[PDB]
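Here's the structure we're looking at; comments come further down.
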Amino acid sequence: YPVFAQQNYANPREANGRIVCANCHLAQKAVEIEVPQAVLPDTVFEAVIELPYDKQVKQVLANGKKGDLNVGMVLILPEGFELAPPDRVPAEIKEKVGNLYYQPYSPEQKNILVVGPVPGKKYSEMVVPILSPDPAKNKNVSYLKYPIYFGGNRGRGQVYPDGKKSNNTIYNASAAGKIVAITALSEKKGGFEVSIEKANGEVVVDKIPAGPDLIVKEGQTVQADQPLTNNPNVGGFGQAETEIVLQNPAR
Amino acid sequence: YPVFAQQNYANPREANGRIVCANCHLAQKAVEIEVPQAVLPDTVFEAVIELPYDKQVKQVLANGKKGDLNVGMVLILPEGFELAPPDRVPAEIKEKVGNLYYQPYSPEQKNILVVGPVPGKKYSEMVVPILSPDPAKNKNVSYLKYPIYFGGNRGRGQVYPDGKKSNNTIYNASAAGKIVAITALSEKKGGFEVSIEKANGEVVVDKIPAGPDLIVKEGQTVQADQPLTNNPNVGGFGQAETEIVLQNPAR
Amino acid sequence: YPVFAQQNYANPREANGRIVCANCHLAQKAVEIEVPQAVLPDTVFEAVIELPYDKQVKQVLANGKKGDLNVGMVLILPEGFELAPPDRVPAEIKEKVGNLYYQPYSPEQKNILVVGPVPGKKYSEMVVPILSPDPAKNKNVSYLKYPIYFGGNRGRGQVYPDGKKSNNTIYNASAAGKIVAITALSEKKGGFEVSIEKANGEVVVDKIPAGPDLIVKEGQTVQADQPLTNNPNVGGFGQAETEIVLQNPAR
Ligand code: HEM
Ligand code: HEM
Ligand code: HEM
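Protein chains in written order, with PDB author numbering: chain A, 1 to 251; chain C, 1 to 251; chain B, 1 to 251.
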């Protein structure tokens, strides 16, 4: 979740421009963002983001069951830009925003906003109220064309903060050998146990949680790291970059 | 504690199933819950929950020493279901339950119960006396197969409501540089103070409470937010789910 | 803006005499400046500048729309000359000067004045109240014929300090190929996305902000750097040079 990024990465955007969500949300899926080409200083504007996907397709949940997807994002704005205060957000805009609670990536990064998890059904499109800075009061900001970086995700990740794989990813053979057995993990607790008899005769047992479907058969020989299941993931992460000009007014 | 969730989260369960304890109890540790396949209306059934862990493995305590772990949990029951009143719990069951005090998440949420902190050595397994609602009198409940969500934790968390870290977690360098000095935080209580000479001459001192162990030496160089200690945490949070059929008496 | 020059160029005039505004305001447009041929020591005189342009012609704004042009300038006076303080400017002149706030290029360069952005509608002609030095006190100056350099602009520039293009300039193809598609960058705010399929099947997408007009069509084949739009710029930067004699009054 955005909280996983926050708790494990001080900067959500890596040197090459990759947003850290990608370190765990391994599938790529297009997203979009639009902001006005230009805005006056100390003015509230809207950032409209889209995280499209097929609402009819459900995902594997942590409990192994199928369910709806949820969305989240991280928006990296120029230094000085901030989430617009509620007292600066017009009712018409609060209406478009809805019941969302944008938060700064950290108290020391008010220019980086996150939100989520929130229902994909209702928030595949979101509006972010942003307050532009004033170069006349903030020496760290100028009347320039500034880049804006966006990262948007839908669906559960493939790996956890501890490095363990979630049940929403591909599982591969720990060793090469003949599959001598495939046992159902339980009755309520789905999953499987794949026994691989190595060339030396030792048997290893690979545990596979419920979620992914097996693509291997008993008696089948597999190579080490060969996929033993398909990929159950139906979600993905996408990035988009845009820009905005902080106008320099004067009459 | 379960109270932290109560004081900070209105709903302990998020849309995808994640239970809020996960926000501060970063370690994942399986748990189990079992209830009868079905139950008649207005009847007391027992929910048996387990929070297994090696009782021989001591955890880091707040004072810096190693000691026993406590357990806690949040149980999400369908509306209408509540803790069975004492006058409805048979002597036999009260004896199994023990001196546990299950409390509603809030006065308006009797269908959500919590317990803890309580000694894991004595409560690694618990019995919760539940009273099934009566569709005949409660129109908000019907004869359906109802889900039951459980979240159980053992061991101290890694972060508090305000973001501060406990001493039962990993401490990382607050800045990149070379460790020019490592001093004891407390002469007698342990803990450390690692002085890091930044790449700009400026020296910073990172305080490390007693509890975790240092994995860096004097003169060593470290990167921004690089592990200065191990991860002392031996506990964990886990979620389990189940279901029960609210039976309609024939005749 | 004049501030871009101030923040990026220590000296607004290069050795060859080109004024730094020209590094970003690529269209040359005549300007005029007049100062009397001579002035007495410690005397307030006027510099009358003209930044002519067709007031009926609107320019492209940063937001993509059309609007008025702002003007600004840099005035390089001989060492010792400065903006005449208010107490030394006759109401007659202050009235001509209007509500303009001439400022030194930097605190150390009182002899170099800048102003703007200000509306060209009202300030296409400006009056600058200058105080001549006195070789009797400022021995760094004498009774000579001194050069004066002027740089005046109107309209938005073509490139920012970081090299990014503004939307008030020509956009060219990033690579040679055939335009396989042209879509709106913004559904309601304009702008375009030109898809160029180059020889080896690869496709690149050039983003053109709202402002310039496309001079190309889908199905058309272009060459690298070939203009994809017109030049929306209707403003311009001009320089002028004059001189003034610091008189040595009979004694
Ligand atoms: C970082 C800014 C970031 C975003 C964006 C993000 C979003 C996100 C959402 C919306 C969910 C819920 C999806 C759903 O369909 O329910 C979610 C879930 C998981 N994430 Fe995530 N996530 C971001 C970053 C990261 C990082 C850096 C990690 C881990 C270190 C990570 C991992 C995961 C995992 C695992 C899940 C699934 C949780 C589960 O229910 O099993 N994410 N993320
Ligand atoms: C919510 C339902 C929830 C549970 C379950 C839970 C349990 C729990 C226990 C039983 C302890 C004590 C364990 C021990 O060995 O002493 C405990 C301790 C801490 N918790 Fe917790 N906790 C739940 C939720 C949360 C939340 C949301 C936070 C904070 C915002 C949180 C944090 C912590 C921390 C830190 C501790 C350590 C306290 C200390 O001894 O210093 N918990 N929790
Ligand atoms: C320096 C002495 C200098 C002057 C004079 C000048 C003036 C100027 C004005 C008055 C404007 C506003 C015009 C309008 O119609 O809105 C303006 C705008 C831009 N400038 Fe400029 N400018 C001078 C110098 C420079 C320099 C050296 C740069 C860049 C490093 C530069 C660039 C631009 C750009 C681009 C703009 C457009 C800003 C926008 O509205 O998007 N100028 N300048």
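Beta carbons are placed, not taken as given, at the ideal position from N, Cα and C, and that holds for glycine.
Rounded separation between residue i and residue j - CA only
i, j, result
"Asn16(A)", "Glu34(B)", "53 Å"
"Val127(A)", "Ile49(A)", "6 Å"
"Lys145(B)", "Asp134(B)", "14 Å"
"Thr169(A)", "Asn231(A)", "5 Å"
"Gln28(B)", "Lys137(B)", "40 Å"
"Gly191(A)", "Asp206(A)", "11 Å"
"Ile93(A)", "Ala47(A)", "11 Å"
"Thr229(A)", "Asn153(A)", "24 Å"
"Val39(A)", "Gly67(B)", "15 Å"
"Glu82(B)", "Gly98(B)", "18 Å"
"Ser106(C)", "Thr43(A)", "42 Å"
"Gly238(C)", "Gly151(C)", "6 Å"
"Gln103(C)", "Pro12(C)", "14 Å"
"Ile19(A)", "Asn140(A)", "24 Å"
"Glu241(B)", "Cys21(B)", "15 Å"
"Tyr53(A)", "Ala84(A)", "28 Å"
"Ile112(A)", "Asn248(C)", "54 Å"
"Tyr143(A)", "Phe45(A)", "16 Å"
"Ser166(B)", "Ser124(B)", "23 Å"
"residue 312(C)", "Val234(C)", "The question about residue 312(C) has no answer here: the residues shown for chain C are numbered 1 through 251."
DSSP three-state assignment for residue i, whether helix, strand or coil
i, result
"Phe4(C)", "helix"
"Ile93(B)", "helix"
"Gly190(C)", "strand"
"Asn153(B)", "strand"
"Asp206(A)", "strand"
"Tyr102(B)", "coil"
"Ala181(A)", "strand"
"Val35(C)", "coil"
"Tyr9(A)", "coil"
"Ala47(A)", "strand"
"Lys122(C)", "helix"
"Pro161(B)", "coil"
"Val127(A)", "strand"
"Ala176(A)", "coil"
"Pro135(A)", "coil"
"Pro107(C)", "coil"
"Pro249(C)", "coil"
"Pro52(B)", "coil"
"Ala22(A)", "helix"
Chain-ordered neighbours of residue i on chain B, where CB pairs are closer than 7 Å
i, result
"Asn248(A)", "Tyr1, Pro117"
"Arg18(A)", "Under the 7 Å cutoff, chain B gives no residues; its nearest Cβ is about 20 Å from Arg18(A)."
Within chain A, the residues that residue i reaches when beta carbons sit closer than 7 Å
i, result
"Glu14(C)", "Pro117"
"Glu241(C)", "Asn63"
"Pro232(B)", "Within 7 Å Cβ-Cβ: nothing; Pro232(B) doesn't reach chain A, min ~13 Å."
Proximal residues of chain A, C-beta to C-beta of residue i below 9 Å
i, result
"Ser106(B)", "The contacting residues do not exist; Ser106(B) stays about 15 Å from chain A at best."
"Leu26(C)", "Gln7, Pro161, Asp162"
"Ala210(B)", "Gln37"
Neighbouring residues, chain A, relative to residue i (Cβ below 8 Å)
i, result
"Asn70(B)", "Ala250"
"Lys189(B)", "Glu34, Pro36, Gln37"
"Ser124(B)", "Within chain A, no residue comes near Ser124(B); the closest Cβ sits about 14 Å away, beyond 8 Å."
Contacts of residue i in chain C (Cβ-Cβ under 9 Å)
i, result
"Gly67(A)", "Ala15, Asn16, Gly17"
Interface residues of chain C facing residue i [CB-CB closer than 8 Å]
i, result
"residue 254(A)", "Here chain A comprises residues numbered 1 to 251, so residue 254(A) is not present and cannot be evaluated."
Amino acids of chain B, ordered along the chain, whose beta-carbon sits closer than 9 Å to that of residue i
i, result
"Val245(A)", "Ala62, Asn63, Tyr160, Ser166, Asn167"
What residues from the region 130-144 of chain A come within 9 Å of chain B, judged by C-beta to C-beta, listed N to C? Listed in sequence order: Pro135, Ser142, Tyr143, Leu144.
Is there contact here, the region 175-183 of chain B with the region 214-226 of chain B, by at least three beta-carbon pairs under 8 Å? Taking 8 Å as the limit for Cβ pairs, the verdict is that the region 214-226 of chain B does touch the region 175-183 of chain B.
Within 8 Å of chain C by C-beta, residues of the region 144-178 of chain A in sequence order: Flagged, chain order: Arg156, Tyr160, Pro161, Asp162, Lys164.
Closer than 8 Å is the cut-off here; do at least three beta carbon pairs connect the region 69-79 of chain A with the region 159-174 of chain A? With the cut-off at 8 Å, the region 69-79 of chain A and the region 159-174 of chain A do not touch.
Chain B contacts from the region 22-49 of chain A (Cβ-Cβ distance under 8 Å): Of all residues in the region 22-49 of chain A, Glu34, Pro36, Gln37, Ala38 have a Cβ within less than 8 Å of some Cβ in chain B.
Flag this pair as touching only if the region 194-213 of chain B and the region 59-70 of chain A have three or more C-beta atom pairs under 8 Å; answer yes or no. These segments do not touch.
Flag this pair as touching only if the region 83-97 of chain B and the region 4-15 of chain B have three or more C-beta atom pairs under 8 Å; answer yes or no. No: fewer than three Cβ pairs fall under 8 Å.
Compile a chain-ordered list of the residues in the region 191-207 of chain A whose CB is closer than 9 Å to at least one CB of chain B. For the region 191-207 of chain A, the set of positions with a beta-carbon nearer than 9 Å to some beta-carbon of chain B is empty.
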